[PDB]
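Chemist: For reference, the file data14.txt (compact mmCIF, C-alpha atoms and all ligand atoms) is included below:
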# COMPACT_ATOMS: atom_id res chain seq x y z
CA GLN E 4 0.00 0.00 0.00
CA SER E 5 2.61 2.48 1.24
CA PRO E 6 5.03 3.97 -1.30
CA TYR E 7 7.73 2.39 0.87
CA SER E 8 6.76 -1.03 2.15
CA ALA E 9 8.78 -1.89 5.24
CA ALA E 10 6.67 -3.21 8.10
CA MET E 11 6.52 -0.18 10.38
CA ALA E 12 5.43 2.13 7.55
CA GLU E 13 2.90 -0.33 6.16
CA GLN E 14 1.60 -0.80 9.71
CA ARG E 15 1.05 2.91 10.28
CA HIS E 16 -0.56 2.96 6.84
CA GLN E 17 -2.99 0.13 7.62
CA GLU E 18 -3.98 1.76 10.93
CA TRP E 19 -5.04 4.82 8.97
CA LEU E 20 -7.06 2.64 6.62
CA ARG E 21 -8.70 1.01 9.63
CA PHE E 22 -9.86 4.48 10.65
CA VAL E 23 -11.24 5.25 7.19
CA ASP E 24 -13.22 2.01 7.18
CA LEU E 25 -14.48 2.61 10.74
CA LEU E 26 -15.81 6.00 9.64
CA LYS E 27 -17.34 4.64 6.43
CA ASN E 28 -19.29 2.27 8.67
CA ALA E 29 -20.21 5.00 11.13
CA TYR E 30 -21.77 6.94 8.24
CA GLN E 31 -23.70 3.85 7.14
CA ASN E 32 -25.08 3.63 10.68
CA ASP E 33 -25.75 7.34 11.21
CA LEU E 34 -23.07 7.30 13.92
CA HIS E 35 -20.67 9.61 12.09
CA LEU E 36 -21.20 12.69 14.25
CA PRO E 37 -20.49 11.10 17.62
CA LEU E 38 -17.57 9.12 16.14
CA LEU E 39 -15.80 12.21 14.78
CA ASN E 40 -16.52 13.97 18.06
CA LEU E 41 -14.83 11.08 19.86
CA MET E 42 -11.84 10.89 17.52
CA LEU E 43 -11.08 14.62 17.19
CA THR E 44 -10.26 17.51 19.52
CA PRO E 45 -12.34 20.71 19.49
CA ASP E 46 -9.43 22.58 17.91
CA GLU E 47 -8.95 19.92 15.23
CA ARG E 48 -12.66 20.09 14.35
CA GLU E 49 -12.45 23.87 14.15
CA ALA E 50 -9.35 23.54 11.94
CA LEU E 51 -11.17 21.14 9.60
CA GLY E 52 -14.04 23.62 9.33
CA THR E 53 -11.59 26.35 8.33
CA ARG E 54 -9.64 24.26 5.83
CA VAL E 55 -12.92 23.73 3.96
CA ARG E 56 -13.19 27.51 3.59
CA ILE E 57 -9.54 27.88 2.59
CA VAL E 58 -10.03 25.11 0.05
CA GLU E 59 -13.25 26.84 -1.01
CA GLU E 60 -11.73 30.27 -1.65
CA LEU E 61 -8.64 28.88 -3.37
CA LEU E 62 -10.88 27.17 -5.94
CA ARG E 63 -13.04 30.26 -6.28
CA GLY E 64 -10.07 32.45 -7.21
CA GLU E 65 -11.41 35.78 -5.96
CA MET E 66 -9.78 36.22 -2.57
CA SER E 67 -6.28 37.67 -2.54
CA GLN E 68 -3.27 36.73 -0.43
CA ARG E 69 -3.88 39.47 2.16
CA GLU E 70 -7.57 38.56 2.19
CA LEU E 71 -7.02 34.87 2.94
CA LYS E 72 -4.56 35.68 5.72
CA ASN E 73 -6.56 38.45 7.41
CA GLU E 74 -10.03 36.95 6.98
CA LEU E 75 -9.33 33.21 7.18
CA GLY E 76 -6.01 33.24 9.04
CA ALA E 77 -3.97 31.95 6.10
CA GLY E 78 -0.41 33.19 5.59
CA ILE E 79 2.13 32.12 2.96
CA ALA E 80 2.69 28.78 4.75
CA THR E 81 -0.91 27.67 5.15
CA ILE E 82 -1.84 28.89 1.68
CA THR E 83 1.22 26.97 0.53
CA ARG E 84 0.00 23.82 2.30
CA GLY E 85 -3.53 24.23 0.92
CA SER E 86 -2.27 24.92 -2.59
CA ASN E 87 0.18 22.07 -3.19
CA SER E 88 -2.33 19.83 -1.40
CA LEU E 89 -4.84 20.80 -4.08
CA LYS E 90 -2.34 20.11 -6.87
CA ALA E 91 -1.63 16.69 -5.32
CA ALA E 92 -5.29 15.63 -5.38
CA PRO E 93 -6.31 13.42 -8.31
CA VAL E 94 -8.29 15.42 -10.89
CA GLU E 95 -11.53 13.64 -10.01
CA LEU E 96 -11.53 15.20 -6.54
CA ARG E 97 -10.69 18.60 -8.02
CA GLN E 98 -13.59 18.20 -10.46
CA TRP E 99 -15.94 17.04 -7.69
CA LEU E 100 -15.07 19.89 -5.32
CA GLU E 101 -15.91 22.32 -8.14
CA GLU E 102 -19.41 20.90 -8.53
CA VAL E 103 -19.92 20.57 -4.78
CA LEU E 104 -18.20 23.48 -3.01
CA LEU E 105 -18.76 25.93 -5.86
CA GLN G 4 -27.16 23.78 17.20
CA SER G 5 -24.34 24.94 19.48
CA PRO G 6 -24.87 24.72 23.25
CA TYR G 7 -24.32 28.48 23.20
CA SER G 8 -25.95 30.16 20.22
CA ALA G 9 -24.29 33.50 19.53
CA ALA G 10 -23.39 34.01 15.89
CA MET G 11 -19.65 33.38 15.94
CA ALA G 12 -20.02 30.09 17.82
CA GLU G 13 -22.92 28.90 15.68
CA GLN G 14 -20.89 29.86 12.61
CA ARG G 15 -17.86 27.81 13.64
CA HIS G 16 -20.33 25.03 14.43
CA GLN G 17 -21.97 25.12 11.00
CA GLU G 18 -18.58 25.12 9.26
CA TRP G 19 -17.81 21.85 11.02
CA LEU G 20 -21.15 20.43 9.89
CA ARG G 21 -20.34 21.51 6.34
CA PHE G 22 -17.21 19.35 6.60
CA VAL G 23 -19.16 16.35 7.90
CA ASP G 24 -21.62 16.61 5.02
CA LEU G 25 -18.80 17.06 2.47
CA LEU G 26 -17.23 13.83 3.73
CA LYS G 27 -20.53 11.94 3.79
CA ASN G 28 -20.81 12.82 0.11
CA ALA G 29 -17.21 11.89 -0.61
CA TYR G 30 -17.92 8.42 0.80
CA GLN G 31 -21.03 8.13 -1.37
CA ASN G 32 -18.82 8.90 -4.38
CA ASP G 33 -15.84 6.74 -3.40
CA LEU G 34 -13.81 9.95 -3.05
CA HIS G 35 -13.27 9.62 0.70
CA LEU G 36 -9.59 8.65 0.58
CA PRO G 37 -8.35 11.55 -1.52
CA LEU G 38 -10.60 13.98 0.40
CA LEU G 39 -9.21 13.01 3.81
CA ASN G 40 -5.71 13.11 2.34
CA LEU G 41 -6.43 16.66 1.17
CA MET G 42 -7.98 17.81 4.44
CA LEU G 43 -5.49 16.27 6.89
CA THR G 44 -1.75 16.45 7.52
CA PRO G 45 0.38 13.28 7.60
CA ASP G 46 0.83 13.66 11.35
CA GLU G 47 -2.91 14.14 11.92
CA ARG G 48 -3.65 10.98 9.90
CA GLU G 49 -1.06 9.07 11.92
CA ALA G 50 -2.63 10.44 15.13
CA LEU G 51 -6.09 9.29 14.04
CA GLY G 52 -4.69 5.82 13.34
CA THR G 53 -3.27 5.70 16.86
CA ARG G 54 -6.37 7.01 18.62
CA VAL G 55 -8.27 4.06 17.12
CA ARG G 56 -5.84 1.73 18.90
CA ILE G 57 -6.02 3.70 22.15
CA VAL G 58 -9.80 3.59 21.91
CA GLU G 59 -9.51 -0.10 21.07
CA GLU G 60 -7.39 -1.09 24.07
CA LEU G 61 -9.38 1.04 26.51
CA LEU G 62 -12.54 -0.87 25.57
CA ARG G 63 -10.70 -4.19 25.70
CA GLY G 64 -9.58 -3.62 29.29
CA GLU G 65 -6.42 -5.73 29.23
CA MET G 66 -3.63 -3.20 28.70
CA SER G 67 -2.33 -1.44 31.79
CA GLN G 68 -1.35 2.19 32.28
CA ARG G 69 2.37 1.54 31.72
CA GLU G 70 1.50 -0.62 28.72
CA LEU G 71 -0.59 2.04 26.96
CA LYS G 72 2.08 4.68 27.52
CA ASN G 73 5.11 2.60 26.50
CA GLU G 74 3.50 0.69 23.63
CA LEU G 75 1.00 3.22 22.26
CA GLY G 76 2.54 6.45 23.56
CA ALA G 77 -0.29 7.22 25.99
CA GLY G 78 0.49 8.88 29.32
CA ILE G 79 -1.94 10.03 32.02
CA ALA G 80 -3.05 13.00 29.88
CA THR G 81 -3.81 11.18 26.64
CA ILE G 82 -5.40 8.27 28.46
CA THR G 83 -7.37 10.92 30.32
CA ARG G 84 -8.49 12.50 27.04
CA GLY G 85 -9.39 9.12 25.54
CA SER G 86 -11.24 8.02 28.66
CA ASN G 87 -13.54 10.97 29.36
CA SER G 88 -14.08 11.18 25.60
CA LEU G 89 -15.40 7.62 25.77
CA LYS G 90 -17.67 8.48 28.71
CA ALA G 91 -18.99 11.47 26.76
CA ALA G 92 -20.04 9.37 23.76
CA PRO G 93 -23.73 8.42 23.63
CA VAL G 94 -24.22 4.77 24.61
CA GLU G 95 -25.10 3.78 21.04
CA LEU G 96 -21.58 4.59 19.87
CA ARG G 97 -20.11 2.73 22.85
CA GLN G 98 -22.28 -0.27 21.99
CA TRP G 99 -21.35 -0.07 18.30
CA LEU G 100 -17.60 0.18 18.92
CA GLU G 101 -17.87 -2.99 21.03
CA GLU G 102 -19.40 -4.95 18.15
CA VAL G 103 -17.07 -3.39 15.59
CA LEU G 104 -13.63 -2.85 17.16
CA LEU G 105 -13.90 -5.84 19.48
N1 LIG E 201 -3.20 18.00 3.40
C1 LIG E 201 -2.80 19.30 3.95
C2 LIG E 201 -3.56 19.55 5.28
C3 LIG E 201 -3.73 21.02 5.48
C4 LIG E 201 -3.02 21.85 6.30
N2 LIG E 201 -3.44 23.15 6.15
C5 LIG E 201 -4.36 23.20 5.14
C6 LIG E 201 -5.02 24.28 4.57
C7 LIG E 201 -5.89 24.01 3.53
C8 LIG E 201 -6.11 22.72 3.08
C9 LIG E 201 -5.43 21.64 3.62
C10 LIG E 201 -4.52 21.88 4.64
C11 LIG E 201 -1.27 19.29 4.26
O1 LIG E 201 -0.90 18.10 4.49
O2 LIG E 201 -0.65 20.12 4.55
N1 LIG E 202 -12.11 13.73 21.50
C1 LIG E 202 -10.77 13.61 22.08
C2 LIG E 202 -9.72 13.56 20.94
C3 LIG E 202 -8.53 12.76 21.40
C4 LIG E 202 -7.32 13.22 21.84
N2 LIG E 202 -6.53 12.18 22.22
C5 LIG E 202 -7.26 11.02 22.16
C6 LIG E 202 -6.92 9.72 22.53
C7 LIG E 202 -7.89 8.75 22.37
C8 LIG E 202 -9.15 9.06 21.86
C9 LIG E 202 -9.50 10.35 21.53
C10 LIG E 202 -8.56 11.36 21.71
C11 LIG E 202 -10.46 14.86 22.97
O1 LIG E 202 -11.13 15.85 22.55
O2 LIG E 202 -9.62 15.00 23.62
Using the file provided, produce a representation of the structure as structure tokens.
Modeler:
Amino acid sequence: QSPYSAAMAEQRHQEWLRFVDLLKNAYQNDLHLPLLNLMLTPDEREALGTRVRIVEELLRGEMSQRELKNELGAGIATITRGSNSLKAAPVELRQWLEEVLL
Amino acid sequence: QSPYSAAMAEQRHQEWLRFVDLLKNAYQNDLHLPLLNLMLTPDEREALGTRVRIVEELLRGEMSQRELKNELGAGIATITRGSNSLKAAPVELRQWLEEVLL
């Protein structure tokens, strides 16, 4: 699975997959909310909420550098993270976000 | 929604819900993996993977304090976080995890 199959890496990788599957199930059972609440800190949840917006406004292409930073709290670093992260996503996600966010 | 409806709080709260819904959709479209990859840092993913284990072993009731800390990296604080977090979950999640993790 992992781009570097060792045993430790692979393990960490599988544990992540185990989380994904857990969640998938949670959704199927309408237990997603409470699960995510359990698994994440308040601050992490808040951060996820914000990243959606950052992702949102990056796709939109209206908000400027100073705008992102001052209104959403995104400076060169964060906007760098968000950006390359967007470039790294397979095109299908990028297409989907367009339809869905926008 | 929020246990303290203001405007700022509620807003933050809704943004989180917007994330939940996004993800729900992603799952429905088989775009969950790439989405989560986009939305989370490597370290956050790793942490999620570990929390599953911590949650796992807390439910199981075999692993001791020293064991959790030394094997899973969980000291009094983390095990405190994990614990009260478990107590805070509605009983339906607690029941479900039993069936599913165990
Ligand atoms: N996948 C991103 C996670 C993240 C951090 N900050 C963000 C801002 C916007 C979107 C995603 C992000 C990265 O690993 O760095
Ligand atoms: N909901 C937990 C998130 C968390 C932190 N560390 C954990 C360890 C195990 C399970 C959950 C957690 C809390 O807010 O603190």
Chemist: Grab the atom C2 of ligand LIG 201 (chain E) to CA of residue 23 (chain G) distance for me, in Å with one decimal place.
Modeler: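 Atom-to-atom, atom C2 of ligand LIG 201 (chain E) to CA of residue 23 (chain G), that is 16.1 Å.
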Chemist: Rounded to one decimal, what separation in Å do you get between CA of residue 34 (chain E) and CA of residue 96 (chain G)?
Modeler: 6.7 Å
Chemist: Per residue of chain G within 6 Å of ligand LIG 202 (chain E), what are the shortest atom pair and its distance in Å to one decimal, counting all atoms listed in the file, with rows by chain and residue number, as JSON lines?
Modeler:
{"residue": "G:54", "atom": "CA", "partner": "E:LIG202", "partner_atom": "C7", "distance": 4.4}
{"residue": "G:57", "atom": "CA", "partner": "E:LIG202", "partner_atom": "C7", "distance": 5.4}
{"residue": "G:58", "atom": "CA", "partner": "E:LIG202", "partner_atom": "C8", "distance": 5.5}
{"residue": "G:81", "atom": "CA", "partner": "E:LIG202", "partner_atom": "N2", "distance": 5.3}
{"residue": "G:84", "atom": "CA", "partner": "E:LIG202", "partner_atom": "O2", "distance": 4.4}
{"residue": "G:85", "atom": "CA", "partner": "E:LIG202", "partner_atom": "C7", "distance": 3.5}
{"residue": "G:88", "atom": "CA", "partner": "E:LIG202", "partner_atom": "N1", "distance": 5.2}
Chemist: Starting from chain G, keep only residues with some atom at most 6 Å from an atom of chain E, counting only C-alpha atoms, and report them as a PyMOL selection string.
Modeler: chain G and resi 18-19+22+41+52+88
Chemist: As a PDB file with C-alpha atoms, in the frame of the given file, please: chain G after a least-squares superposition onto chain E using all C-alpha atoms matched in order.
Modeler:
ATOM      1  CA  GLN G   4       0.003   0.000  -0.004  1.00  0.00           C
ATOM      2  CA  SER G   5       2.606   2.483   1.243  1.00  0.00           C
ATOM      3  CA  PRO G   6       5.030   3.975  -1.296  1.00  0.00           C
ATOM      4  CA  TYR G   7       7.727   2.396   0.866  1.00  0.00           C
ATOM      5  CA  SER G   8       6.754  -1.032   2.153  1.00  0.00           C
ATOM      6  CA  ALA G   9       8.780  -1.896   5.241  1.00  0.00           C
ATOM      7  CA  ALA G  10       6.680  -3.212   8.100  1.00  0.00           C
ATOM      8  CA  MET G  11       6.514  -0.181  10.375  1.00  0.00           C
ATOM      9  CA  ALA G  12       5.436   2.136   7.553  1.00  0.00           C
ATOM     10  CA  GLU G  13       2.903  -0.324   6.159  1.00  0.00           C
ATOM     11  CA  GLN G  14       1.597  -0.798   9.700  1.00  0.00           C
ATOM     12  CA  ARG G  15       1.045   2.918  10.282  1.00  0.00           C
ATOM     13  CA  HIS G  16      -0.565   2.957   6.838  1.00  0.00           C
ATOM     14  CA  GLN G  17      -2.991   0.135   7.624  1.00  0.00           C
ATOM     15  CA  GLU G  18      -3.971   1.754  10.931  1.00  0.00           C
ATOM     16  CA  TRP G  19      -5.042   4.822   8.976  1.00  0.00           C
ATOM     17  CA  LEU G  20      -7.068   2.637   6.616  1.00  0.00           C
ATOM     18  CA  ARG G  21      -8.703   1.003   9.629  1.00  0.00           C
ATOM     19  CA  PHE G  22      -9.861   4.488  10.651  1.00  0.00           C
ATOM     20  CA  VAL G  23     -11.240   5.252   7.186  1.00  0.00           C
ATOM     21  CA  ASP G  24     -13.218   2.011   7.180  1.00  0.00           C
ATOM     22  CA  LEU G  25     -14.476   2.610  10.746  1.00  0.00           C
ATOM     23  CA  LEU G  26     -15.811   5.998   9.639  1.00  0.00           C
ATOM     24  CA  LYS G  27     -17.346   4.640   6.434  1.00  0.00           C
ATOM     25  CA  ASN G  28     -19.288   2.267   8.669  1.00  0.00           C
ATOM     26  CA  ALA G  29     -20.212   4.994  11.129  1.00  0.00           C
ATOM     27  CA  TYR G  30     -21.769   6.942   8.245  1.00  0.00           C
ATOM     28  CA  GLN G  31     -23.692   3.851   7.142  1.00  0.00           C
ATOM     29  CA  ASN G  32     -25.080   3.633  10.686  1.00  0.00           C
ATOM     30  CA  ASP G  33     -25.748   7.346  11.210  1.00  0.00           C
ATOM     31  CA  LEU G  34     -23.068   7.300  13.923  1.00  0.00           C
ATOM     32  CA  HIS G  35     -20.666   9.606  12.087  1.00  0.00           C
ATOM     33  CA  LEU G  36     -21.198  12.691  14.254  1.00  0.00           C
ATOM     34  CA  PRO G  37     -20.493  11.098  17.619  1.00  0.00           C
ATOM     35  CA  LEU G  38     -17.570   9.120  16.137  1.00  0.00           C
ATOM     36  CA  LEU G  39     -15.805  12.209  14.779  1.00  0.00           C
ATOM     37  CA  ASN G  40     -16.519  13.981  18.061  1.00  0.00           C
ATOM     38  CA  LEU G  41     -14.834  11.078  19.858  1.00  0.00           C
ATOM     39  CA  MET G  42     -11.845  10.896  17.524  1.00  0.00           C
ATOM     40  CA  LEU G  43     -11.081  14.621  17.190  1.00  0.00           C
ATOM     41  CA  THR G  44     -10.264  17.502  19.524  1.00  0.00           C
ATOM     42  CA  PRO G  45     -12.338  20.710  19.481  1.00  0.00           C
ATOM     43  CA  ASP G  46      -9.432  22.584  17.913  1.00  0.00           C
ATOM     44  CA  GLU G  47      -8.944  19.920  15.228  1.00  0.00           C
ATOM     45  CA  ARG G  48     -12.661  20.086  14.350  1.00  0.00           C
ATOM     46  CA  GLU G  49     -12.454  23.875  14.149  1.00  0.00           C
ATOM     47  CA  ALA G  50      -9.349  23.535  11.937  1.00  0.00           C
ATOM     48  CA  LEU G  51     -11.162  21.143   9.597  1.00  0.00           C
ATOM     49  CA  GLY G  52     -14.042  23.620   9.335  1.00  0.00           C
ATOM     50  CA  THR G  53     -11.589  26.341   8.334  1.00  0.00           C
ATOM     51  CA  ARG G  54      -9.637  24.260   5.827  1.00  0.00           C
ATOM     52  CA  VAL G  55     -12.920  23.728   3.956  1.00  0.00           C
ATOM     53  CA  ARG G  56     -13.192  27.508   3.580  1.00  0.00           C
ATOM     54  CA  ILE G  57      -9.536  27.873   2.590  1.00  0.00           C
ATOM     55  CA  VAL G  58     -10.035  25.108   0.047  1.00  0.00           C
ATOM     56  CA  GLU G  59     -13.244  26.838  -1.011  1.00  0.00           C
ATOM     57  CA  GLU G  60     -11.729  30.269  -1.647  1.00  0.00           C
ATOM     58  CA  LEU G  61      -8.643  28.876  -3.374  1.00  0.00           C
ATOM     59  CA  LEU G  62     -10.876  27.163  -5.941  1.00  0.00           C
ATOM     60  CA  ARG G  63     -13.042  30.264  -6.284  1.00  0.00           C
ATOM     61  CA  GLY G  64     -10.067  32.445  -7.210  1.00  0.00           C
ATOM     62  CA  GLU G  65     -11.409  35.776  -5.968  1.00  0.00           C
ATOM     63  CA  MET G  66      -9.776  36.217  -2.561  1.00  0.00           C
ATOM     64  CA  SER G  67      -6.283  37.677  -2.534  1.00  0.00           C
ATOM     65  CA  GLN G  68      -3.275  36.726  -0.430  1.00  0.00           C
ATOM     66  CA  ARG G  69      -3.880  39.468   2.156  1.00  0.00           C
ATOM     67  CA  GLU G  70      -7.568  38.566   2.191  1.00  0.00           C
ATOM     68  CA  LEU G  71      -7.023  34.868   2.946  1.00  0.00           C
ATOM     69  CA  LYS G  72      -4.563  35.674   5.723  1.00  0.00           C
ATOM     70  CA  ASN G  73      -6.559  38.449   7.416  1.00  0.00           C
ATOM     71  CA  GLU G  74     -10.028  36.948   6.982  1.00  0.00           C
ATOM     72  CA  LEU G  75      -9.333  33.205   7.178  1.00  0.00           C
ATOM     73  CA  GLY G  76      -6.012  33.240   9.040  1.00  0.00           C
ATOM     74  CA  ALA G  77      -3.963  31.945   6.101  1.00  0.00           C
ATOM     75  CA  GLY G  78      -0.410  33.196   5.590  1.00  0.00           C
ATOM     76  CA  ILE G  79       2.125  32.117   2.958  1.00  0.00           C
ATOM     77  CA  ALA G  80       2.694  28.783   4.746  1.00  0.00           C
ATOM     78  CA  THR G  81      -0.910  27.672   5.148  1.00  0.00           C
ATOM     79  CA  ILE G  82      -1.839  28.889   1.689  1.00  0.00           C
ATOM     80  CA  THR G  83       1.219  26.970   0.537  1.00  0.00           C
ATOM     81  CA  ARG G  84       0.000  23.819   2.296  1.00  0.00           C
ATOM     82  CA  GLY G  85      -3.525  24.227   0.919  1.00  0.00           C
ATOM     83  CA  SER G  86      -2.272  24.926  -2.590  1.00  0.00           C
ATOM     84  CA  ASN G  87       0.174  22.074  -3.195  1.00  0.00           C
ATOM     85  CA  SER G  88      -2.321  19.825  -1.409  1.00  0.00           C
ATOM     86  CA  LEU G  89      -4.844  20.804  -4.078  1.00  0.00           C
ATOM     87  CA  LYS G  90      -2.339  20.102  -6.866  1.00  0.00           C
ATOM     88  CA  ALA G  91      -1.638  16.696  -5.318  1.00  0.00           C
ATOM     89  CA  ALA G  92      -5.296  15.634  -5.380  1.00  0.00           C
ATOM     90  CA  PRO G  93      -6.314  13.421  -8.312  1.00  0.00           C
ATOM     91  CA  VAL G  94      -8.284  15.419 -10.892  1.00  0.00           C
ATOM     92  CA  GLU G  95     -11.530  13.637 -10.005  1.00  0.00           C
ATOM     93  CA  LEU G  96     -11.525  15.195  -6.543  1.00  0.00           C
ATOM     94  CA  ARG G  97     -10.691  18.602  -8.025  1.00  0.00           C
ATOM     95  CA  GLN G  98     -13.584  18.201 -10.457  1.00  0.00           C
ATOM     96  CA  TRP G  99     -15.940  17.044  -7.694  1.00  0.00           C
ATOM     97  CA  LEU G 100     -15.078  19.891  -5.315  1.00  0.00           C
ATOM     98  CA  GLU G 101     -15.904  22.325  -8.138  1.00  0.00           C
ATOM     99  CA  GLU G 102     -19.411  20.902  -8.534  1.00  0.00           C
ATOM    100  CA  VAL G 103     -19.913  20.570  -4.785  1.00  0.00           C
ATOM    101  CA  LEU G 104     -18.205  23.488  -3.007  1.00  0.00           C
ATOM    102  CA  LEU G 105     -18.757  25.926  -5.861  1.00  0.00           C
TER     103      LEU G 105
END
Chemist: Ranking E:94, E:12, E:66, E:61 by minimum distance to ligand LIG 201 (chain E) and counting all atoms listed in the file, which one comes first?
Modeler: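 Nearest to ligand LIG 201 (chain E): E:61.
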Chemist: Of the residues E:4, E:98, E:83, E:73, which is the one nearest to ligand LIG 201 (chain E), using all atoms listed in the file?
Modeler: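 The shortest atom-to-atom distance to ligand LIG 201 (chain E) comes from E:83.
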Chemist: Could you please determine the separation between CA of residue 9 (chain E) and CA of residue 45 (chain G) in Å, to one decimal place?
Modeler: 17.5 Å
Chemist: Return as JSON the centre and edge lengths, in Å with one decimal, of the box along x, y and z that encloses every atom of ligand LIG 201 (chain E) in the file, padded by 5 Å per side.
Modeler:
{"center_x": -3.4, "center_y": 21.1, "center_z": 4.7, "size_x": 15.5, "size_y": 16.3, "size_z": 13.2}
Chemist: Nearest to ligand LIG 201 (chain E) among E:102, E:68, E:46, E:59, with distances taken over all atoms listed in the file: which residue is it?
Modeler: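 Closest residue, counting all atoms listed in the file: E:59.
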Chemist: Taking the partial coordinates given, rebuild region 73-84 of chain G to contain N, CA and C atoms; return it as a compact mmCIF listing (two decimals), keeping the file's coordinate frame.
Modeler:
# COMPACT_ATOMS: atom_id res chain seq x y z
N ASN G 73 3.89 3.15 27.08
CA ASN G 73 5.11 2.60 26.50
C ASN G 73 4.94 1.95 25.15
N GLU G 74 3.77 1.39 24.90
CA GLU G 74 3.50 0.69 23.63
C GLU G 74 2.74 1.53 22.64
N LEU G 75 1.84 2.37 23.12
CA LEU G 75 1.00 3.22 22.26
C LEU G 75 1.30 4.70 22.37
N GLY G 76 2.17 5.08 23.29
CA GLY G 76 2.54 6.45 23.56
C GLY G 76 1.55 7.25 24.37
N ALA G 77 0.77 6.59 25.20
CA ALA G 77 -0.29 7.22 25.99
C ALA G 77 -0.05 7.33 27.47
N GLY G 78 0.25 8.55 27.90
CA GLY G 78 0.49 8.88 29.32
C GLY G 78 -0.80 9.42 29.95
N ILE G 79 -0.81 9.54 31.27
CA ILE G 79 -1.94 10.03 32.02
C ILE G 79 -2.85 11.02 31.32
N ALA G 80 -2.29 11.96 30.58
CA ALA G 80 -3.05 13.00 29.88
C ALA G 80 -3.90 12.42 28.76
N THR G 81 -3.23 11.81 27.80
CA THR G 81 -3.81 11.18 26.64
C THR G 81 -4.87 10.13 27.00
N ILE G 82 -4.52 9.31 27.96
CA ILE G 82 -5.40 8.27 28.46
C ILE G 82 -6.58 8.90 29.21
N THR G 83 -6.31 10.13 29.64
CA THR G 83 -7.37 10.92 30.32
C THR G 83 -8.31 11.43 29.25
N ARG G 84 -7.74 11.98 28.19
CA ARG G 84 -8.49 12.50 27.04
C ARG G 84 -9.37 11.42 26.41
